[PDB]
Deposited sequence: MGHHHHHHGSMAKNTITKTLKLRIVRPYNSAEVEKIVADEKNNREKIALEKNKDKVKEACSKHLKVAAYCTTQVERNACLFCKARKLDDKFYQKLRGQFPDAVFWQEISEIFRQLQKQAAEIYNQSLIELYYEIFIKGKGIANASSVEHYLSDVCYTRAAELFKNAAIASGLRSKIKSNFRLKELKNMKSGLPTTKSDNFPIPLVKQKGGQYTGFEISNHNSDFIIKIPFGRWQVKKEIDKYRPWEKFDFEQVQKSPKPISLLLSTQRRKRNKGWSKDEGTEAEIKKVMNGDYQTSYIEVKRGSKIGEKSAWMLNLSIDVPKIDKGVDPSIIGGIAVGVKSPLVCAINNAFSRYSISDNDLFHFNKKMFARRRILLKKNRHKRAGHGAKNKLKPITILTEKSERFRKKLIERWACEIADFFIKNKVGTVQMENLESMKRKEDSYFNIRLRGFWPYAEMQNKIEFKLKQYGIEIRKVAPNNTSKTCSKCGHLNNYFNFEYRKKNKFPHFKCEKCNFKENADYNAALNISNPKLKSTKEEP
């Protein structure tokens, strides 16, 4: 509509508790800071030589030890701590994936086999709620996880593709499958209860009492708990989410961007109606639990004209170049950071471990590849942030010049150009193109992925269609300047993508 959905990915500090239990936690922390009080951090110079906080003792004072947490598990026996919560989420991630799979199958069976295929796109709403929600609601007895699973299935069940057998029933084979969670928002509804006690980001997820299973299976030990129904006998789980490094980010005193979106979700201005919890990285035995809130932010709408139409094309010298129909102002994505990245992805090239078969052998394929797997995780984070930085740049350009439609070279044209910087000297064009599209969206600009028509050769000014400036000719001179028979190369290619004539 007038809005756009985003996540905010947020790390779970610790399960939050009563006002009582959190009051006593806080007051013991200040109790130890008061007990303890040569050098200090700035906060403890204002209460000497300055040292980094890590090295400060009036910071190091506060961190609580198991002595206290045992005195607490005694005092308040119903309060919730990390062990039971981590056990619960490990259970819910397994039960969720089991449901997603058995539900897709029961759904396939009730639509094509039992039904006899007599289904359109609206009887699918019907079947999803009946089959898939009812299954999840018998298991989880918690409408929010059941309604969250309805949606996580609805996303992957394609009825016309599945009827004409242009694909197979989807199935998840994942250790770490999100728990989805839907509370309804807008109108009389608000979504998930977000609170901010002393400027901390608390989210409260509706949950029922849990009593540990008497006879636990031997073969799947994870299934430890037996959830009451939330409507019957509720025990909600409140999570404290980390907003400390962001409170320092200099974007925390700004009107646009991730820090301002977080400030709004804490203030109550943005409501959340989808959260999606899953594990991050193993820290000890025990993991980092991320919580991916999902908000819809409005459009920024800094003045843009659809009257001015712009162009992006993949260039030989520079990997993307930007143009405007009749302005003569341009942009070129510099190839400096990309070069640093290319030197790195040469180092992370374990071709021997990939191929030898005498190496890392006899513990299965997860461990045969661990070294390679860990470098692709670190490399695909580099490319992502690089692509985001370019899309950030490109957007800033068009916004400066006040462009409202931006035509960009179609995915096939780029992926099989055979004179792209990515081909000559090196790539995800889905991701690159999407990330540019989505940035421009946020401000108001409109992408229309367009058709080429002999881009590289066609004269951007008079219209002559050349065959002399073909790849090998230009390669032969070694990517020379451009001139025409009837009256820069990359700039021209972009500026013939910036032609409204194309379809």
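request  = Just jot down which stretches of the deposited chain sequence have no CA coordinates, in the order they come.
outcome  = Comparing the full sequence with the modelled residues, the uncovered ranges come out as 1-12, 50-56, 67-70, 450-452, 514-517, 534-539.
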